[PDB]
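Enquirer: The structure that follows is given in the form of structure tokens.
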Amino acid sequence: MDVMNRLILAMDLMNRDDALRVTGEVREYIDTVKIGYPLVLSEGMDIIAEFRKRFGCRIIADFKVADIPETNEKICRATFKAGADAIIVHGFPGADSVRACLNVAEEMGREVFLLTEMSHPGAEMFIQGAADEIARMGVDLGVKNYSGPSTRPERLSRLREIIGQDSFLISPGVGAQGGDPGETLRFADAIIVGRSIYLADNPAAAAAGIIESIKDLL
Amino acid sequence: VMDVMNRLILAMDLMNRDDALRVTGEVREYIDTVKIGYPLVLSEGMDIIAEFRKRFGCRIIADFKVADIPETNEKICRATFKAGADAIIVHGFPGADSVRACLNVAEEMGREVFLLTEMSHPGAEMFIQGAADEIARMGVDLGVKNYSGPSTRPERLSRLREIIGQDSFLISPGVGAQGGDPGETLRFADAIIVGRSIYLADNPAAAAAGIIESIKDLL
Ligand SMILES: O=c1cc(O)n([C@@H]2O[C@H](COP(=O)(O)O)[C@@H](O)[C@H]2O)c(=O)[nH]1
Ligand SMILES: O=c1cc(O)n([C@@H]2O[C@H](COP(=O)(O)O)[C@@H](O)[C@H]2O)c(=O)[nH]1
């Protein structure tokens, strides 16, 4: 997956007008948008097609899929029907639940991103202790796309070690949560950035600024 | 705690509005509490909650297995309660801050959180099972009053009931299609969740009535 400027916009605004306006303002800097439940549950799954129509960006559906296999399959089918190119799936619920998503993605020509360790403080309680094993499970299952935490570069580096240089790794927690763009890109292929861009006085300038700070990494 | 008619919650995971409405309407005399998850919501929109309330007047549990960072969890809960859900199901494995974010919105909006502890499917044994007792204890410490645990593992369901105490409300999926027994599950759970055994039946109303007949002495 070739992500422009190694930068994925986390579009978590919850109003269609604002989400479209802000995304349009930064469109010259990105070609990949992560759309999650804040926007989808506020404006409907049709928002995905609207983004494709307006911006011709790739869309990652950040749905943190975390159900039993049968339900996971249904969620993935509905998500890909809406035009998402990829979906983010939790590894913590186990291998059968991940495989269910992999199967639908294969059937529909899409990608699964396996979320190993999360970026927020609560991730330390249960997820962190399982994360290396979740990553190995990904490798065993043939997963090629992963998410790990910008807020813990030593953990992000370990995840990169487990999955190898050929796998694709994206990383949230940059900016608002404390992660550094350049340090994160030592290990991740692409950074996810939400609030530092979409809550900025000038989102275009914010995106341009981040890209300037990593210009040697492009 | 919510008064679930017949101790039976319908997991409405059909993905078409017409079928979902038909089946729910057919079992309405037996069930006043419906769990609506992402299979239906992602297919038909959040307005499906509005339509269920309008048509059936059933309580709605939004089964969204909320599993994000605190800031995103808050947004998800706000959107879900805005649409009219009575309650939302939240994962505990992402930790206490993520759960607290959901509790804070539920408190502000006058709605409820259900904390998902252990899950019912085989994969739950890999990571969730080993964290589940602590997730439940965390819930108790945070003031969580509503929980979900697995019908498919009676020994685990019993332990989770012990941890949360008799006053907490416990619902349990995995009954029927996944192998759990209604009566045995109700030894520990306040209510059972049933999906496919009802909604894939030739006669969903007869399926629901049959389940209820089998647990009549527990009502
Ligand atoms: O570990 C993770 C995984 C995520 O998907 N995310 C998501 O990435 C985005 C981070 O946005 P922000 O840059 O505003 O912190 C949010 O959409 C959040 O749901 C995260 O923050 N941490
Ligand atoms: O541990 C759990 C938690 C759940 O919410 N569920 C949900 O409960 C329902 C089970 O439906 P069924 O009776 O068709 O197996 C599904 O909606 C599933 O997503 C589960 O099966 N196991």
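Ordered as shown in the structure tokens, chains take letters A, B, and onward, while each chain numbers its residues from 1 and ligands are numbered from 1 in the order shown.
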Report as a ChimeraX atom specification the set of chain A residues whose atoms approach chain B to within 6 Å, with distances computed over only C-alpha atoms.
Expert: /A:38,42,44,68,74-75,78,92-96,120,122-123,125-126
Enquirer: For ligand 1, list the contacting residues at 6 Å or closer, counting only C-alpha atoms and all ligand atoms, as a ChimeraX atom specification.
Expert: /A:10,12,118-119,149,172-177,193-195 /B:68-69,72
Enquirer: Give the residue list for ligand 2 at 9 Å, counting only C-alpha atoms and all ligand atoms, as a ChimeraX atom specification, sorted by chain and then by residue number.
Expert: /A:67-72 /B:10-13,35-39,63-65,89,116-121,124,148-152,172-179,193-200
Enquirer: Figure out the distance between atom CA of residue B:191 and atom CA of residue B:160, please, to one decimal in Å.
Expert: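 Atom-to-atom, atom CA of residue B:160 and atom CA of residue B:191 are spaced 14.3 Å apart.
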Enquirer: Output as number ranges by chain all residues of stretch 166-195 of chain A that backbone DSSP marks as alpha helix (DSSP H).
Expert: A: 181-184, 195
Enquirer: Can I get the selection written as a PDB file, in the first residue's frame, with N, CA, C and O atoms?
Expert:
ATOM      1  N   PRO A 181       6.162  12.510  14.984  1.00  0.00           N
ATOM      2  CA  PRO A 181       6.072  11.990  13.612  1.00  0.00           C
ATOM      3  C   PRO A 181       7.346  11.301  13.121  1.00  0.00           C
ATOM      4  O   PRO A 181       7.293  10.161  12.662  1.00  0.00           O
ATOM      5  N   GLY A 182       8.488  11.975  13.230  1.00  0.00           N
ATOM      6  CA  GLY A 182       9.726  11.432  12.711  1.00  0.00           C
ATOM      7  C   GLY A 182      10.205  10.187  13.429  1.00  0.00           C
ATOM      8  O   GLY A 182      10.672   9.239  12.794  1.00  0.00           O
ATOM      9  N   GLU A 183      10.099  10.177  14.754  1.00  0.00           N
ATOM     10  CA  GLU A 183      10.521   9.006  15.511  1.00  0.00           C
ATOM     11  C   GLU A 183       9.649   7.813  15.145  1.00  0.00           C
ATOM     12  O   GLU A 183      10.132   6.688  15.019  1.00  0.00           O
ATOM     13  N   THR A 184       8.362   8.064  14.953  1.00  0.00           N
ATOM     14  CA  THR A 184       7.424   6.985  14.655  1.00  0.00           C
ATOM     15  C   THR A 184       7.739   6.354  13.298  1.00  0.00           C
ATOM     16  O   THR A 184       7.677   5.128  13.144  1.00  0.00           O
ATOM     17  N   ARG A 195      -6.451  14.643  15.508  1.00  0.00           N
ATOM     18  CA  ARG A 195      -6.705  15.966  16.087  1.00  0.00           C
ATOM     19  C   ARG A 195      -5.672  17.048  15.758  1.00  0.00           C
ATOM     20  O   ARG A 195      -6.040  18.211  15.566  1.00  0.00           O
TER      21      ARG A 195
END
Enquirer: Closest to residue A:66 among A:144, A:90, A:186, A:110, using only C-alpha atoms?
Expert: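 Of A:144, A:90, A:186, A:110, the one nearest residue A:66, counting only C-alpha atoms, is A:90.
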Enquirer: Considering only C-alpha atoms, can you say which of A:197, A:166, A:113, A:73 comes closest to residue A:100?
Expert: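 With only C-alpha atoms as the atom set, the closest residue is A:73.
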Enquirer: Rounded to one decimal in Å, what is the spacing between atom CA of residue A:217 and atom CA of residue A:6?
Expert: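 So the two atoms, atom CA of residue A:217 and atom CA of residue A:6, lie 8.8 Å apart.
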Enquirer: Figure out the distance between atom CA of residue A:115 and atom CA of residue A:3, please, to one decimal in Å.
Expert: 18.3 Å
Enquirer: Just the residues within 7 Å of residue A:187, please, counting only C-alpha atoms, with nothing from its chain fewer than 4 positions along; format it as a PyMOL selection string.
Expert: chain A and resi 156-157+160
Enquirer: Take the residues that were just selected and, keeping N, CA, C and O atoms, output them as a short mmCIF file (atom, residue, chain, number, x, y, z; two decimals), in the first residue's frame.
Expert:
data_model
loop_
_atom_site.label_atom_id
_atom_site.label_comp_id
_atom_site.auth_asym_id
_atom_site.auth_seq_id
_atom_site.Cartn_x
_atom_site.Cartn_y
_atom_site.Cartn_z
N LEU A 156 6.71 -0.18 19.39
CA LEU A 156 6.54 -0.12 17.95
C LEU A 156 7.72 -0.79 17.25
O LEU A 156 7.54 -1.54 16.28
N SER A 157 8.92 -0.54 17.74
CA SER A 157 10.10 -1.17 17.17
C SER A 157 10.05 -2.69 17.33
O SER A 157 10.38 -3.43 16.40
N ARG A 160 7.64 -4.08 14.78
CA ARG A 160 8.34 -4.13 13.49
C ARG A 160 9.29 -5.34 13.40
O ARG A 160 9.33 -6.02 12.37
#
Enquirer: Residues of stretch 84-157 of chain A in strand (DSSP E or B) according to DSSP, as a list in words?
Expert: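 Matching residues for strand (DSSP E or B) in stretch 84-157 of chain A are residues 86, 87, 88, 89, 90, 111, 112, 113, 114, 115, 145, 146 and 147 of chain A.
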Enquirer: What does the file look like for those residues with N, CA, C and O atoms, as a PDB file, in the first residue's frame?
Expert:
ATOM      1  N   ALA A  86      -9.991  -1.264   3.285  1.00  0.00           N
ATOM      2  CA  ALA A  86      -9.342  -2.036   4.332  1.00  0.00           C
ATOM      3  C   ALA A  86     -10.128  -1.855   5.608  1.00  0.00           C
ATOM      4  O   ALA A  86     -10.921  -0.923   5.725  1.00  0.00           O
ATOM      5  N   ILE A  87      -9.899  -2.752   6.561  1.00  0.00           N
ATOM      6  CA  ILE A  87     -10.578  -2.683   7.847  1.00  0.00           C
ATOM      7  C   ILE A  87      -9.582  -3.000   8.954  1.00  0.00           C
ATOM      8  O   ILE A  87      -8.680  -3.818   8.765  1.00  0.00           O
ATOM      9  N   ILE A  88      -9.724  -2.318  10.083  1.00  0.00           N
ATOM     10  CA  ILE A  88      -8.870  -2.548  11.248  1.00  0.00           C
ATOM     11  C   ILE A  88      -9.564  -3.514  12.214  1.00  0.00           C
ATOM     12  O   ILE A  88     -10.732  -3.318  12.568  1.00  0.00           O
ATOM     13  N   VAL A  89      -8.838  -4.558  12.613  1.00  0.00           N
ATOM     14  CA  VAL A  89      -9.385  -5.659  13.389  1.00  0.00           C
ATOM     15  C   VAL A  89      -8.535  -5.866  14.640  1.00  0.00           C
ATOM     16  O   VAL A  89      -7.301  -5.909  14.567  1.00  0.00           O
ATOM     17  N   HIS A  90      -9.176  -6.014  15.791  1.00  0.00           N
ATOM     18  CA  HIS A  90      -8.449  -6.351  17.011  1.00  0.00           C
ATOM     19  C   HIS A  90      -7.923  -7.777  16.970  1.00  0.00           C
ATOM     20  O   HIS A  90      -8.615  -8.689  16.521  1.00  0.00           O
ATOM     21  N   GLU A 111      -8.007  -5.403   2.307  1.00  0.00           N
ATOM     22  CA  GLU A 111      -6.956  -5.708   3.271  1.00  0.00           C
ATOM     23  C   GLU A 111      -7.450  -5.630   4.713  1.00  0.00           C
ATOM     24  O   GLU A 111      -8.316  -4.824   5.044  1.00  0.00           O
ATOM     25  N   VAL A 112      -6.883  -6.487   5.560  1.00  0.00           N
ATOM     26  CA  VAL A 112      -7.086  -6.436   7.009  1.00  0.00           C
ATOM     27  C   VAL A 112      -5.827  -5.879   7.673  1.00  0.00           C
ATOM     28  O   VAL A 112      -4.709  -6.305   7.360  1.00  0.00           O
ATOM     29  N   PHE A 113      -6.009  -4.908   8.565  1.00  0.00           N
ATOM     30  CA  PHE A 113      -4.946  -4.407   9.437  1.00  0.00           C
ATOM     31  C   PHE A 113      -5.165  -5.004  10.817  1.00  0.00           C
ATOM     32  O   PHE A 113      -6.250  -4.842  11.385  1.00  0.00           O
ATOM     33  N   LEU A 114      -4.165  -5.693  11.354  1.00  0.00           N
ATOM     34  CA  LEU A 114      -4.263  -6.266  12.685  1.00  0.00           C
ATOM     35  C   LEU A 114      -3.750  -5.273  13.717  1.00  0.00           C
ATOM     36  O   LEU A 114      -2.577  -4.876  13.697  1.00  0.00           O
ATOM     37  N   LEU A 115      -4.636  -4.867  14.615  1.00  0.00           N
ATOM     38  CA  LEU A 115      -4.256  -4.013  15.727  1.00  0.00           C
ATOM     39  C   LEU A 115      -3.651  -4.852  16.838  1.00  0.00           C
ATOM     40  O   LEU A 115      -4.302  -5.717  17.422  1.00  0.00           O
ATOM     41  N   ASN A 145      -0.522  -6.511   7.314  1.00  0.00           N
ATOM     42  CA  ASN A 145      -0.746  -5.116   7.683  1.00  0.00           C
ATOM     43  C   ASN A 145      -1.073  -5.037   9.160  1.00  0.00           C
ATOM     44  O   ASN A 145      -1.904  -5.805   9.644  1.00  0.00           O
ATOM     45  N   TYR A 146      -0.447  -4.095   9.858  1.00  0.00           N
ATOM     46  CA  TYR A 146      -0.510  -4.027  11.312  1.00  0.00           C
ATOM     47  C   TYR A 146      -0.601  -2.591  11.784  1.00  0.00           C
ATOM     48  O   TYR A 146      -0.165  -1.666  11.087  1.00  0.00           O
ATOM     49  N   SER A 147      -1.129  -2.416  12.997  1.00  0.00           N
ATOM     50  CA  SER A 147      -1.098  -1.131  13.694  1.00  0.00           C
ATOM     51  C   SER A 147      -0.421  -1.292  15.047  1.00  0.00           C
ATOM     52  O   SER A 147      -0.705  -2.253  15.769  1.00  0.00           O
TER      53      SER A 147
END
Enquirer: Which is closest to residue A:40 among A:4, A:25, A:61, A:54, if we use only C-alpha atoms?
Expert: A:61
Enquirer: Could you list, as number ranges by chain, every residue within 10 Å of residue B:167, counting only C-alpha atoms and ignoring same-chain residues fewer than 6 positions away?
Expert: B: 1, 145-146, 161
Enquirer: Residues of the last selection are to be written out with C-alpha atoms, as a PDB file, in the first residue's frame.
Expert:
ATOM      1  CA  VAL B   1     -31.859  -3.437  36.812  1.00  0.00           C
ATOM      2  CA  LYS B 145     -23.424  -2.659  37.159  1.00  0.00           C
ATOM      3  CA  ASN B 146     -24.102  -4.542  33.898  1.00  0.00           C
ATOM      4  CA  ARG B 161     -21.148 -13.932  38.638  1.00  0.00           C
TER       5      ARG B 161
END
Enquirer: What lies within 9 Å of residue A:23 using only C-alpha atoms, ignoring chain neighbours under 6 positions off, as a tab-separated table (two decimals) with N, CA, C and O atoms, in the first residue's frame?
Expert:
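See result-v4.tsv below for the written result:
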chain	number	residue	atom	x	y	z
A	9	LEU	N	-4.84	10.49	7.35
A	9	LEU	CA	-5.71	11.37	8.12
A	9	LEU	C	-6.75	10.56	8.89
A	9	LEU	O	-7.50	9.79	8.29
A	11	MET	N	-10.02	10.88	10.22
A	11	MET	CA	-11.13	11.82	10.11
A	11	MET	C	-12.24	11.48	11.10
A	11	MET	O	-13.20	10.80	10.76
A	33	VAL	N	-7.39	8.05	3.88
A	33	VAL	CA	-8.18	8.55	4.99
A	33	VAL	C	-8.70	7.39	5.82
A	33	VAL	O	-9.24	6.41	5.28
A	51	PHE	N	-16.68	10.08	0.20
A	51	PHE	CA	-15.25	10.39	0.21
A	51	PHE	C	-14.56	9.89	-1.06
A	51	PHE	O	-13.73	10.60	-1.63
A	55	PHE	N	-12.83	12.70	-3.33
A	55	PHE	CA	-11.39	12.81	-3.12
A	55	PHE	C	-10.59	11.72	-3.81
A	55	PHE	O	-9.38	11.88	-4.01
A	198	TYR	N	-7.18	17.90	12.28
A	198	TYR	CA	-8.58	18.32	12.12
A	198	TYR	C	-9.09	19.30	13.18
A	198	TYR	O	-10.14	19.93	12.97
A	203	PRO	N	-5.97	23.47	9.28
A	203	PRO	CA	-5.63	22.06	9.05
A	203	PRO	C	-4.61	21.85	7.92
A	203	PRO	O	-3.74	20.99	8.05
Enquirer: Choose the residue, out of A:31, A:142, A:151, A:105, that has the smallest atom-to-atom separation from residue A:124; count only C-alpha atoms.
Expert: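 The answer is A:151, which sits nearest to residue A:124.
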Enquirer: Could you list, as a PDB file with N, CA and C atoms, in the first residue's frame, every residue within 8 Å of residue B:23, counting only C-alpha atoms and ignoring same-chain residues fewer than 4 positions away?
Expert:
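Produced file around_32.pdb, reproduced below:
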ATOM      1  N   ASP B  19     -36.385  -8.075   6.797  1.00  0.00           N
ATOM      2  CA  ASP B  19     -36.334  -9.325   7.541  1.00  0.00           C
ATOM      3  C   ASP B  19     -36.193  -9.046   9.037  1.00  0.00           C
ATOM      4  N   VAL B  27     -41.759 -11.970  17.241  1.00  0.00           N
ATOM      5  CA  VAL B  27     -41.422 -12.490  18.566  1.00  0.00           C
ATOM      6  C   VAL B  27     -41.734 -11.500  19.683  1.00  0.00           C
ATOM      7  N   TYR B 199     -33.743 -16.273  14.994  1.00  0.00           N
ATOM      8  CA  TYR B 199     -33.939 -15.543  13.751  1.00  0.00           C
ATOM      9  C   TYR B 199     -33.735 -16.344  12.464  1.00  0.00           C
ATOM     10  N   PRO B 204     -39.806 -18.121  13.939  1.00  0.00           N
ATOM     11  CA  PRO B 204     -39.079 -17.514  15.062  1.00  0.00           C
ATOM     12  C   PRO B 204     -39.915 -17.425  16.336  1.00  0.00           C
TER      13      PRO B 204
END
